[PDB]
């Protein structure tokens, strides 16, 4: 197996020639830190417009050309594509893209998206859960970055803790992601810590032992700590 994330990014923000969106750049930075110059990441942007219009196709190529440049700046190897869709067709456009990506090539196995930007008002969220469902029904993991505006770019060298919270079932996936991040220089100065949350039935001692052995099986250097849920 030796499963590693083959990333598909889905971007659904507005594009303007006057600004560059930092949340978007920071999501590319996070992808690049996960991949450490390896693999082929697909980055797709969804652009509202007329999908038969020459003007909107020209806009989509400009946005693709910006994505190619930005991916190269952050050393994220892969491909960029801009999809044009009608306003009322965004749902089918996003779902069909996740279905159709990788035809005749390596298929992504992990979707990377950002947490919705604005607070719930009574759309941006309706898109979000659509993306979550699309990942799972297409056999993809999903990774959601929350607080991406504050995530570090390549000029930073983080130190301190990366905490993975482990619960009754889960899997080793969270742990792997932390480990991959720690391989990049941005996070290399961080210590990795696995925090197990114990139920009222589990005894803290044997949960510590189990996670210690499991982490050792994964060949990941991490400190194990057990915390009790109830109070």
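Positions refer to the first chain, counted from 1.
**Item:** Gap size between residue 123 and residue 122, counted in deposited residues that the entry leaves unmodelled
**Value:** Unresolved stretch here: 1 to 3 residues.
**Asked** Mean C-alpha B-factor higher for 53-61, or for 164-172?
**Response** Taking the mean C-alpha B-factor of 53-61 and of 164-172, the larger value falls to 164-172.
**Prompt:** Should the higher mean CA B-factor in the entry be assigned to 102-110 or to 144-152?
**Reply:** Taking the mean B-factor of the alpha carbons in each, 102-110 is higher.
**Request:** Could you tell me which one of 44, 41, 203, 29 shows the highest CA temperature factor in the PDB record?
**Result:** Result of the comparison over 44, 41, 203, 29: 203.
**Request:** Looking at the entry's B-factor column for C-alpha atoms only, identify whether residue 183 ranks in the lowest, middle or highest third of its chain.
**Result:** Ranked within chain, residue 183 CA B lands in the highest tercile.
**Message:** How does the C-alpha B factor of residue 19 compare with the rest of the chain: lowest, middle or highest third?
**Reply:** Middle third, going by the recorded CA B-factors of the chain.
**Prompt:** Taking the entry's C-alpha B-factors for this chain, is residue 13 in the lowest, middle or highest third?
**Reply:** Ranked within chain, residue 13 CA B lands in the middle tercile.
**Third of chain Cα B-factors occupied by residue 33** = For residue 33, the deposited C-alpha B-factor lands in the lowest third.
**Request:** Name the third of the chain's ranked CA B-factors that contains residue 67, choosing lowest, middle or highest.
**Result:** Ranked within chain, residue 67 CA B lands in the lowest tercile.
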